[PDB]
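Asks: need a structure here:
(chains A and B)
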Amino acid sequence: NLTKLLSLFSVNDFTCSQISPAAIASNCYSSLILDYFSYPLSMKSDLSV
Amino acid sequence: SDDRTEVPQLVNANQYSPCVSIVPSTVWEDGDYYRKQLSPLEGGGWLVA
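Replies: Numbering: from 1, shown residues only, chains lettered A, B, ... in the order given. Below, you will see the structure:
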């Protein structure tokens, strides 16, 4: 339950590549990797694919 | 339409493949792939070959 996890936080931006945020909640996968770290909203333009 | 159930479309006897609408009469290069998004009436999701 990922919409569970994202209900704890206040979410400011959600962009995906080769998928959508809608799609990434729904689908099943053989492997999911979650990377997390501290990061300022001021530097959003630098956190881009 | 869940973006990650894949269902092979098998050809029935005395019929053409459902993919003949998206696969050229001659394939340009070995391994080329074709896609076509489906209308909600057609079932949603995609057709792929």
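Asks: Can you name the helix or strand that residue B:47 falls in?
Replies: In this assignment (DSSP states H and E), residue B:47 forms part of strand B:46-48.
Asks: typo on my end, it should be residue A:14
Replies: Short version, using DSSP H and E: residue A:14 is in no helix or strand.
Asks: Now it, what are its backbone angles?
Replies: Main-chain dihedrals, residue A:14, degrees, to the nearest 10: phi -140, psi 100.
Asks: quick one: it and residue B:10, what's the gap?
Replies: 38 Å (CB to CB, to the nearest Å). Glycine gets a C-beta too; all of them are placed from N, C-alpha and C.
Asks: which of the two has more neighbours?
Replies: Each of residue A:14 and residue B:10 has its neighbours counted (other CB atoms under 10 Å in any protein chain shown); residue A:14 has more, 10 against 7.
Asks: these two touch, right, the more buried one and residue A:20?
Replies: No - the pair residue A:14 / residue A:20 is not scored as a contact, 9.3 Å apart, by CB atoms under 8 Å.
Asks: Each with direction, which strands does the strand holding residue B:47 pair with?
Replies: According to DSSP bridges, strand B:46-48 forms sheet pairs with strand B:35-37 (antiparallel).
Asks: How far off centre is the strand it pairs with?
Replies: 7 Å (CA atoms, centre = their mean, to the nearest Å).
Asks: Please name the residues that touch the residue lying closest to residue B:37 once chain neighbours are set aside.
Replies: The shortest distance from residue B:37 to any non-neighbouring residue, by CB to CB, 6 or more residues apart in numbering or on different chains, is to residue B:46 (5.5 Å). Contacts for residue B:46 (CB atoms under 8 Å, 6 or more residues apart in numbering or on different chains) come out as B:35-38.
Asks: Give me the distance between residue B:46 and residue B:34.
Replies: Residue B:46 is 10 Å from residue B:34, where distance means CB to CB.
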